[PDB]
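Q: Residue numbers (PDB author numbering), protein chains in the order written: chain X, 6 to 531; chain A, 203 to 403; chain R, 51 to 537; chain Y, 61 to 539; chain E, 52 to 101. I'd like to ask you about the structure that follows.
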Amino acid sequence: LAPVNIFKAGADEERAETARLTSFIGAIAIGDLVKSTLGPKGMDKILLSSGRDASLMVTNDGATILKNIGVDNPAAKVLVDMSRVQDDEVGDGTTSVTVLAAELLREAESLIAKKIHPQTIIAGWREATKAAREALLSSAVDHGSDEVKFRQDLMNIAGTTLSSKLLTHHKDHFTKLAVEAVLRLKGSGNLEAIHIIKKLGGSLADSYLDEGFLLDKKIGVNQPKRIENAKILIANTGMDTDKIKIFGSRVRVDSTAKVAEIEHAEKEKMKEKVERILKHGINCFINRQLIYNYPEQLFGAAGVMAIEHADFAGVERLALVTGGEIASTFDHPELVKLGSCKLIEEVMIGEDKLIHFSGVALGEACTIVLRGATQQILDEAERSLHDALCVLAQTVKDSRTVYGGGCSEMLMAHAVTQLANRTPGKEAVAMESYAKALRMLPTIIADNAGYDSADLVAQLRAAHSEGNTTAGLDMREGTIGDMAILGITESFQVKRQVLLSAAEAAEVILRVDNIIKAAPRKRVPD
Amino acid sequence: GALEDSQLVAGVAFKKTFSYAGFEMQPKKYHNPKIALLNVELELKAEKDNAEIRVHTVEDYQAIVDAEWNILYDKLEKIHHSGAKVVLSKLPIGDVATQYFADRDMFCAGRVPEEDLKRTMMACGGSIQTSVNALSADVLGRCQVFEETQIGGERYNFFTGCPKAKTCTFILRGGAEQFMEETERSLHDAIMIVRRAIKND
Amino acid sequence: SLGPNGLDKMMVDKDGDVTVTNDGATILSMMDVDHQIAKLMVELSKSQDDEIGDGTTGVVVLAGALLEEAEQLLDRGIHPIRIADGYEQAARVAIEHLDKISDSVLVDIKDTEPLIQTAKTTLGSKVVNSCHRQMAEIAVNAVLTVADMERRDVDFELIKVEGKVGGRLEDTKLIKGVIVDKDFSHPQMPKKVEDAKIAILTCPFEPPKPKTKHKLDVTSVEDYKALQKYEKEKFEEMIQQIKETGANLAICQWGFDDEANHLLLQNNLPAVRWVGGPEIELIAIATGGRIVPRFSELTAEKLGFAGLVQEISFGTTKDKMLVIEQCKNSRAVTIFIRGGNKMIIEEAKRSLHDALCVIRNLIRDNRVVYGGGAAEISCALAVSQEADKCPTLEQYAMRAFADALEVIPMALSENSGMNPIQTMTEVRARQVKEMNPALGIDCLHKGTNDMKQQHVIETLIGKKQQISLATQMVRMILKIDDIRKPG
Amino acid sequence: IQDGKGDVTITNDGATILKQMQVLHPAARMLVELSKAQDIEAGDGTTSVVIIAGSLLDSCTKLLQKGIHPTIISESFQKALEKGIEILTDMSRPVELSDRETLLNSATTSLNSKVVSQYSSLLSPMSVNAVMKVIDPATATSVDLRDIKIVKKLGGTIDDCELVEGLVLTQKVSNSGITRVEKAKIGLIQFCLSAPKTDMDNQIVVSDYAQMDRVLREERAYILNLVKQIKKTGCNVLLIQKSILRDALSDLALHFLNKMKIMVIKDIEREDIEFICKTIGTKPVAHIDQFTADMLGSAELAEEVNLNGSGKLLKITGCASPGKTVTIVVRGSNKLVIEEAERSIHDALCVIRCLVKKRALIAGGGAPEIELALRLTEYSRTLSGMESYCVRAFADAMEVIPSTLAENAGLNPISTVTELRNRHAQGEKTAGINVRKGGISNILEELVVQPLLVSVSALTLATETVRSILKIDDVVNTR
Amino acid sequence: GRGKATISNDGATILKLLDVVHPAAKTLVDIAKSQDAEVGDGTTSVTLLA
Ligand SMILES: Nc1ncnc2c1ncn2[C@@H]1O[C@H](COP(=O)(O)OP(=O)(O)O)[C@@H](O)[C@H]1O
Ligand SMILES: Nc1ncnc2c1ncn2[C@@H]1O[C@H](COP(=O)(O)OP(=O)(O)O)[C@@H](O)[C@H]1O
Ligand SMILES: Nc1ncnc2c1ncn2[C@@H]1O[C@H](COP(=O)(O)OP(=O)(O)O)[C@@H](O)[C@H]1O
Ligand SMILES: [Mg+2]
Ligand SMILES: [Mg+2]
Ligand SMILES: [Mg+2]
Ligand SMILES: [Mg+2]
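Structure representation (structure tokens):
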């Protein structure tokens, strides 16, 4: 370091060797932390917070762990951001991408140790990825023209997604729920149209998907508690002090009788509005705002069930379920469409009363009731079901699938090796390192299972080299099997995203040779 | 830029000020314009902070609402009919005024500093007006060309070509704040010496 | 961090934020220093960035080399004013030589090949070099679309650069329209229109309200009912006024009420709510319409035509955005950046800004030189040749300038992994033997030293700015001889 | 339990004890959730579930040391759980809701373990009557326990707890002079008896001295008109809901109401209006124009009583339109006793609710657990591999409850469990631990039974929690 | 004190920037200021002459 100082007190600088060491150590630590949760036989982690009043959770998803882990190493933050973006994009594969990035950087460390410039490694990895993505694209299988085969593929995808989660105890039960819930949307990618309600009590096998709809709301006093052949009006209006005439007006009189008369006209306005609402010929009124007691008694006298304070989400889901439209100003009954259902009643689940709609018209939205013995169990169940719903929606939007259980990784590795044996220079070592990094995910899967990972990977590599492009791991016995026969399926978009994101993050981290830290902002104790 | 890029403009030039929506929809070069210099605020606002309105009927309410727009549009039309093509003010120019001027191919600038406005008046030959009710020709300034240009990351308004000018402006370039400050300090020494030498030789 | 083989820096913010960058100006801006000379170098880099927009690290490298070279002359007993004068003379000679070897090429919408080559050369050093052909094409197309040619200037407020994380970097594209982060107000509105007529407004869809203090007195039931009727009559009247002009879509800068929202849905006319002023002016410029402050002033001559208005939805999030596309000849375009990392998005934005600045420089002046160190080698040869005729003790300063002007080929060769002295000695021997000033350092190892053949192109004003700015900063640094500061 | 603030609780309820402690280990923060889940599902057995879960987790250690894998342990536990459900369902016995003796036995069994076991002969019939007054046995499938309200009133002893088939209010009457009405007509109000007030900004301007008197005269007439309108229908008792924005009852209005001989009760909560309407048949009124003789309710007696020193209490009894509601008044000489008695009555109500939900009954005293252990021990021998060890461990982890019962009773646990197992292995499967006799005997002769849902829920939830716990292999600390 | 730097060759500016508190020394600052205000040039020569 120069005798002259070029920094404030507390500012720090790290040059080539130290910077590479720090970045590699951070990335490898992040990868090693999450390796354990990979595969059908992965385990869970307990996350407890020191600051947020000791909140406790038990989880397996990778992005959830990495978001909560409070890293301070600059290199680890890139991997955390990559995992979060992967979760936001496809919603599955948040562990494989970070494991792949960590393994790539671990290989690059030894490659640097062998006196190779990082740019050569970067070029080799670029060519390797270019070959691997082409091989993966050529390996895809496209269905969709056949309804039976499409449903079979959807069931296989859901069952493969749920294998690594706790819901693996009831895999068929939850696979059917996921498939039906996804197919209730009639081709729309609206994931928030499915409402998951979780409540304590009962076993996880008592969860179900409702054939109608369920609201956790209440109805006004002295109103009918059940209706047959309902005609539903869904409104978004203000039936409280409704006379919010947004002008800046006031009342000035010279008597109390005049104030009484104006107060009477105030109620007359609301009575006229309620009569206009009733003119549509309804027997059920659902509002997103509050309904006060005077309109409440008007509806009760008219013999109408009124729902108050059902927020934007509930109103939109009710519209999608029943078929009506969100109305206001109530001045054209011939231009507003009403909903319809065959029965509205109240049900008791646990110790809670819920409004139940049965015999609905459209069914474009649904609710899923989750029962469990613990709040952590319910949270993990919902968090796991979200991944299945997301991947099912994605594969419905783009219906081409690729086999899993290591087969895709071995195919890409074979393509990269065939490319590497064809080129001169130091880049061949880089592509062979890329292939080695690709061939590690089946190894971790087998290791987490407790099998002879080296022997199994050798057999798989030999089979793929000889030409069995569908061979893979059989986990229920620990052997080599056919993925097409066993029904292990995956989506093509997820694998493409995993590969591309891992390559991008590895290159971004590897291009760094200097770390400069500014003086941190001091916390104020007192 | 480099030091040899420093320049002297016989006229005036000043930095771009704050602008609202629509400022990009009006032309940015004029050849023989007329310039109005104002000390009036052109935007929709309460007439006086001392005021209060008491009304009984909705028709009078609507008339009261329309009156403010009528007042503002009367001022704008009074400015427009004088023939001026460039408008400068010390007070804020509203978005309504900006869009009005842009819809008729005229340039407007607000919150111009007092010193810059005085220098512009001295260069062009007008007079600051607090009222738009007597906008005659003799109170309008004239310049032989007006432009807006990009200089080193900034936008500048240039009025050049006036032969009767009694002022000028320096544009100094350099590589650092202290570089330019020392350049200005060096220029001041020559300016004072030349003034004294003009006095006695 | 110099050359196509250079590496990049990772900067940690005061709050712990991470920035991975190759831009010298941004690095020096994000570093915090105490030394006044270091702050001067930071300001020099920032001034270069503001003026030209490219070559912000070469200038600081050159200034450091020049100050280093002055040290031996200081030790030998030469007054620093003499050194400064010699530096000025050498800089003038080099600048006079520089424009003699420059070649002018072209600026037009028909060919665009030299512009593409220049943009490729400027993007060759960044992390974007995976798709640098595509991004260079995007940049040149955007600048040619926005540029004003008779006055020879561009406005960067007419180019809107936005990026959303997710997808692939290659998904980055150019839209000859507008893209905003909004959606249709009522959830049951149609999500696309194909022959949109746009009415742009700046007034809320609410009954009017005078700005001055006001009070409306209600003294009777009749007055109450009159006010009640007036409120809804206003709501109906505004919608009929908007519909009577034939418009099919409405855009407003402020919010709506529930009554207005339902009426807009009922009358088959979608609307957009709560947009910004810059977005409104961009939309007006793109669609050819005008901004109106009242419903009373709305006429069919003030609407804008758009060939497509669509709502685009991204992945598993609820985020939705609005795109306006397929307009007639437009003066506003947008760049839509995609990528897998936030820092990827940031670096892509910086690289695109560099490309746009370079193309703007080409618009301003259209004569170029060749990179790879060829211009520096030629200038050093010219200065050394001229110094042989100066007897007045300034030959030492001129030769020091010539020596310090050759640090760029050293840096390039050392970064590329070859031997600097042998490489530049051979290159200079070839240049003096033949008559090709277009010979430089073969960084990418394509087997030739001819940058004219390899299509490596740089703007002339960039080199002029670098040389002049560095020389003047070095003169300022040399002039100082005292310092006082607290402890 | 003494809290950090300084409050004191005395309890036997397992869920209450676990909630009132502050356990820090993350593995110990799931047992409280398990207890809460059992409380929600059944309302009883909150202790036995935790004991069973602890026993299973304890038994897992020997298998882990021997070398079994956690996944194998989980699967074998599930197999044993299915077999246990089968055995218990076989052991169950049908029951009908028209048999009051069975309900009495079940309630007294659920109640004879708390501090109020001495008052069981008074508290069991109250619980049975309370449950039978709310449901319709022909088609009732579940019981809403929010239809029964518990009121805690200090003073006296537990012996003074009572059942009220009417309405009980804890607040006092604002009317000075009237405290008892026979043949009462009751009305409920959701508007204010005060000066007129519009929702917009209103104000009265006076510019001449006559208007000063005119305002007072008009306000007086306005109030008097409302009072006369209320009197027109024959109303005797008036209830007014809580209002916070404007005064709901002025002194002038109260004076007029007293002059008209009407008893006024003020500050009725906004969240018990549904219960009040359900109980007395009234209908809320929010506009004076709708105050009509058909919107009132009829009651036989409506009066306030003064307890010895604790305070006043309003009772309305003899309703012409009796709803499906009831209330319970709980007494006691100390707050700790009152809360414990309230929890005991809640336990009894929950047991009766479970018996309504599932019409099945089983014997208590450890019989289901010992039979389960014996049957699973027999079942284990048929299997081969690590499954036999795991199932035998699951079977052996069920003697803990009978051992704990014997140890608490003060007998010899080894001899007691051996005799229980031998007697269950040669016939009778209703034998159990007799604390009165102090030995082993038929447990139905002591008239101690319990619902089957309690045991089934306890076993299922315990097995699920254990299987969840076996899945974890790392603890990390976050922000 | 605030870290702001000033690079100058002007005698009056340098003398102002120095924080002189000597009563006899303040006169040399005063005359420099007077010269700068009166003629605008010659601020160092007067101090050297004094
Ligand atoms: N039943 C299965 N048999 C074999 N491999 C499986 C099976 N289920 C999932 N996999 C593999 O597990 C990996 C997925 O890891 P997992 O933890 O499930 O998801 P994530 O990507 O979220 O970590 C993929 O390589 C997938 O092929
Ligand atoms: N393909 C190339 N071959 C040879 N030299 C190159 C090539 N691309 C860029 N350079 C050189 O690299 C130098 C540094 O450019 P760069 O690293 O982008 O930062 P800056 O442009 O700010 O100096 C330039 O002087 C240029 O001549
Ligand atoms: N009189 C009794 N004789 C023997 N066992 C009894 C008697 N009363 C209750 N039991 C048994 O004791 C246990 C009741 O314990 P208890 O404190 O109620 O726990 P929990 O609240 O978990 O139900 C059950 O096994 C029940 O069958
Ligand atoms: Mg997964
Ligand atoms: Mg560059
Ligand atoms: Mg009990
Ligand atoms: Mg001087």
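C-beta atoms are modelled at their ideal positions from N, C-alpha and C, and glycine is treated no differently.
Taking contact to mean 3 or more Cβ pairs, one atom from each stretch, closer than 8 Å, check whether the region 51-59 of chain X and the region 342-356 of chain R are in contact.
A: Verdict: no, contact absent.
Q: Where does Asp17 of chain X fall in DSSP's three states?
A: By 1-based counting over the first sequence, the position of residue 17 of chain X is 12. In the structure shown, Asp17 of chain X sits in a strand (DSSP, three-state: E or B).
Q: Please decide whether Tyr299 of chain X counts as near chain Y, where near means a Cβ-Cβ distance under 9 Å.
A: Position 294 of the first sequence, counted from the first residue, corresponds to residue 299 of chain X. So, interface residue.
Q: Can you give the Cα-Cα distance for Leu317 of chain Y and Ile238 of chain Y, rounded to whole angstroms?
A: Here residue 317 of chain Y refers to the residue found at position 257 when the fourth sequence is read from its first residue. Here residue 238 of chain Y refers to the residue found at position 178 when the fourth sequence is read from its first residue. For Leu317 of chain Y and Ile238 of chain Y, the distance between alpha carbons rounds to 11 Å.
Q: What is the residue span of the beta strand (DSSP E) that residue 545 of chain Y lies within?
A: Coverage of chain Y is limited to positions 61 through 539, which leaves residue 545 of chain Y absent and any answer about it impossible.
Q: Provide the residue span of the beta strand (DSSP E) that contains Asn165 of chain Y, from first to last.
A: Working through the fourth sequence from its first residue, we reach residue 165 of chain Y at position 105. Segment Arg160 to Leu171 is the alpha helix (DSSP H) holding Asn165 of chain Y; no beta strand (DSSP E) there.
Q: Kindly examine ligand 7 and report whether one of its heavy atoms sits closer than 8 Å to the Cβ of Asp391 of chain A.
A: As a position in the second sequence, residue 391 of chain A is number 189, starting the count at 1. At least one heavy atom of ligand 7 is nearer than 8 Å to the Cβ of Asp391 of chain A, so yes.
Q: According to a CB-to-CB cut-off of less than 9 Å, which residues of the region 211-233 of chain R neighbour chain X?
A: The residues in question are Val215, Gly216, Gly217, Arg218 and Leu219.
Q: Does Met353 of chain X come out as helix, strand or coil in the three-state DSSP assignment?
A: By one-based count along the first sequence, residue 353 of chain X stands at place 348. In the structure shown, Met353 of chain X sits in a strand (DSSP, three-state: E or B).
Q: Please report the distance separating the alpha-carbon of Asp245 of chain X from that of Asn298 of chain X.
A: In the first sequence, residue 245 of chain X corresponds to position 240, counting from 1. In the first sequence, residue 298 of chain X corresponds to position 293, counting from 1. The alpha-carbon atoms of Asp245 of chain X and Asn298 of chain X are separated by roughly 9 Å.
Q: Relative to the C-alpha of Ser28 of chain X, which residue among X:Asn234, X:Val517 and X:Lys527 is closest?
A: Locating residue 28 of chain X in the first sequence gives position 23, counting from the first residue. The shortest C-alpha separation from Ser28 of chain X is found at X:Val517.
Q: For chain X, check one thing: does any of its Cβ atoms lie closer than 9 Å to the Cβ of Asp307 of chain R?
A: Stepping through the third sequence from its first residue, residue 307 of chain R is reached at position 257. Interface residue, yes.
Q: What residues in the region 225-259 of chain X have a beta carbon less than 9 Å from any beta carbon of chain R?
A: Within the region 225-259 of chain X, the residues whose Cβ lies closer than 9 Å to some Cβ of chain R are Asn241, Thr242, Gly243, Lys248, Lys250, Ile251, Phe252, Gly253, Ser254, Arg255, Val256, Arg257, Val258 and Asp259, listed in chain order.
Q: I need the straight-line Cα distance from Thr422 of chain X to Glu437 of chain X, nearest angstrom please.
A: Your numbering for residue 422 of chain X matches position 417 in the first sequence. Your numbering for residue 437 of chain X matches position 432 in the first sequence. So the alpha carbons of these two residues sit roughly 6 Å apart.
Q: Please state the DSSP three-state secondary structure of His264 of chain R.
A: In the third sequence, residue 264 of chain R corresponds to position 214, counting from 1. Looking at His264 of chain R - three-state DSSP - the assignment turns out to be strand.
Q: Does the region 297-316 of chain R come close enough to the region 190-209 of chain R to have 3 or more Cβ pairs within less than 8 Å?
A: Verdict: no, contact absent.
Q: Is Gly91 of chain E close to chain A? Criterion is C-beta to C-beta, closer than 9 Å.
A: Taking the fifth sequence and counting its residues from 1, the one referred to as residue 91 of chain E is at position 40. So, interface residue.
Q: At a cut-off of 8 Å, is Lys230 of chain A close to ligand 2 when judged by its beta-carbon and the heavy atoms of the ligand?
A: Along the second sequence, one-based indexing puts residue 230 of chain A at 28. Because no heavy atom of ligand 2 lies under 8 Å away, the Cβ of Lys230 of chain A does not count as near it: no.
Q: Along chain E, in chain order, which residues have C-beta atoms closer than 7 Å to that of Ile395 of chain A?
A: What you label residue 395 of chain A is simply residue 193 of the second sequence in a count that begins at 1. The answer, in chain order, is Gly91 and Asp92.
Q: Rounded to the nearest angstrom, what separates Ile382 of chain X and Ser528 of chain Y at their Cα positions?
A: In the first sequence, residue 382 of chain X corresponds to position 377, counting from 1. In the fourth sequence, residue 528 of chain Y corresponds to position 468, counting from 1. Looking at the two C-alpha atoms, the distance is approximately 8 Å.
Q: Distance cutoff 9 Å, beta carbons only. Does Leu124 of chain R sit that close to anything in chain A?
A: Stepping through the third sequence from its first residue, residue 124 of chain R is reached at position 74. Not closer than 9 Å to any Cβ of chain A, the Cβ of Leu124 of chain R fails to qualify, so no.
Q: Using a Cβ-Cβ cut-off of less than 7 Å, give me the residues of the region 262-281 of chain X that come near chain R, in sequence order.
A: For the region 262-281 of chain X, which is checked against every Cβ of chain R, the residues closer than 7 Å are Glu266, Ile267, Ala270 and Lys274.
Q: For a contact defined as C-beta to C-beta under 9 Å, what are the partners of residue 15 of chain R on chain E?
A: The question about residue 15 of chain R has no answer here: the residues shown for chain R are numbered 51 through 537.
Q: Return no unless some Cβ of chain E is closer than 9 Å to the Cβ of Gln86 of chain R.
A: Position 36 of the third sequence, counting from 1, holds the residue named residue 86 of chain R. True, the Cβ-Cβ gap to chain E drops below 9 Å.
Q: Is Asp49 of chain X near ligand 4 - that is, is its Cβ less than 8 Å away from at least one heavy atom of it?
A: Here residue 49 of chain X refers to the residue found at position 44 when the first sequence is read from its first residue. Flag unset: Cβ of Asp49 of chain X not near ligand 4.
Q: May I ask you to check if the CB of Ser175 of chain R is nearer than 8 Å to at least one heavy atom of ligand 5?
A: In the third sequence, residue 175 of chain R corresponds to position 125, counting from 1. Yes, Cβ of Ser175 of chain R sits closer than 8 Å to a heavy atom of ligand 5.
Q: Of all the residues that make up the region 244-273 of chain A, which are near chain R by a beta-carbon distance shorter than 7 Å?
A: If the cut-off is 7 Å between Cβ atoms, the region 244-273 of chain A has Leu246, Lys247, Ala248, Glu249, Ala253, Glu254, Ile255, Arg256, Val257, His258, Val260, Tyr263, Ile266, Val267 and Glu270 near chain R.
Q: Less than 9 Å between the C-beta atoms of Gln346 of chain A and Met227 of chain A, yes or no?
A: Stepping through the second sequence from its first residue, residue 346 of chain A is reached at position 144. Stepping through the second sequence from its first residue, residue 227 of chain A is reached at position 25. Going by C-beta atoms, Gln346 of chain A is not nearer than 9 Å to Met227 of chain A.
Q: Rank X:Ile30, X:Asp17 and X:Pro8 by C-alpha distance to the C-alpha of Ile514 of chain X and give the top, closest one.
A: Within the first sequence, numbered from 1, the residue matching residue 514 of chain X stands at position 509. Taking only the C-alpha atoms, the option nearest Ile514 of chain X is X:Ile30.
Q: Under 8 Å Cβ to Cβ from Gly486 of chain X, same chain only, skipping five residues before and after it: list those, please.
A: To locate residue 486 of chain X, count along the first sequence from 1; it is residue 481. Within the same chain, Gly486 of chain X has close Cβ partners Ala476, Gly477, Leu478 and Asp479.
Q: What whole-angstrom Cβ distance do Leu116 of chain X and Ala511 of chain X have, given they're in contact under 8 Å?
A: As a position in the first sequence, residue 116 of chain X is number 111, starting the count at 1. As a position in the first sequence, residue 511 of chain X is number 506, starting the count at 1. Their Cβ separation, rounded to whole angstroms, is 12 Å, which puts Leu116 of chain X and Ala511 of chain X out of contact at 8 Å.
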